[PDB]
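Residue numbers (the working numbering), protein chains in the order written: chain P, 1 to 49; chain F, 1 to 49.
Note that beta-carbon positions come from the ideal geometry of N, C-alpha and C, so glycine has one too.
Working notes, beginning with the structure itself.
2 protein chains.
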Amino acid sequence: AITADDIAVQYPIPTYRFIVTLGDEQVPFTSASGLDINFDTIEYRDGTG
Amino acid sequence: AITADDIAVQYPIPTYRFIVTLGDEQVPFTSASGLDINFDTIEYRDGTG
């Protein structure tokens, strides 16, 4: 008794369905990877700790 | 009435009467199997379906 309108709210989304709008046109692709958000790290230590 | 010249047109064929021509000679065999026609399968899926 999950009543699949609640699946569209509460269950995770799989990966195998995706559209790729490339500029102004949609192009069919098989894979799409590397869409990360990465930062660098700045550190500073003194003698007091 | 089935008039056996019609049996030679529209009835199926049994498997006990066969001649094996082996190169340029006839050789009597008891069994014969494995004369298959098999293909492989190419598949391709995109994200649109």
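Rounded C-alpha distance that separates residue i from residue j
i, j, result
"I19/F", "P28/F", "7 Å"
"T41/P", "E43/F", "44 Å"
"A8/F", "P14/F", "12 Å"
"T3/P", "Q10/P", "11 Å"
"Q26/P", "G47/F", "11 Å"
"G23/F", "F39/F", "26 Å"
Within chain P, partners of residue i - CB distance below 7 Å
i, result
"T48/F", "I19 and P28"
Those residues which DSSP pairs with residue i across a bridge
i, result
"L22/F", "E25/F"
Cβ neighbours of residue i in the same chain (closer than 8 Å, five flanking residues each side left out)
i, result
"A1/P", "none"
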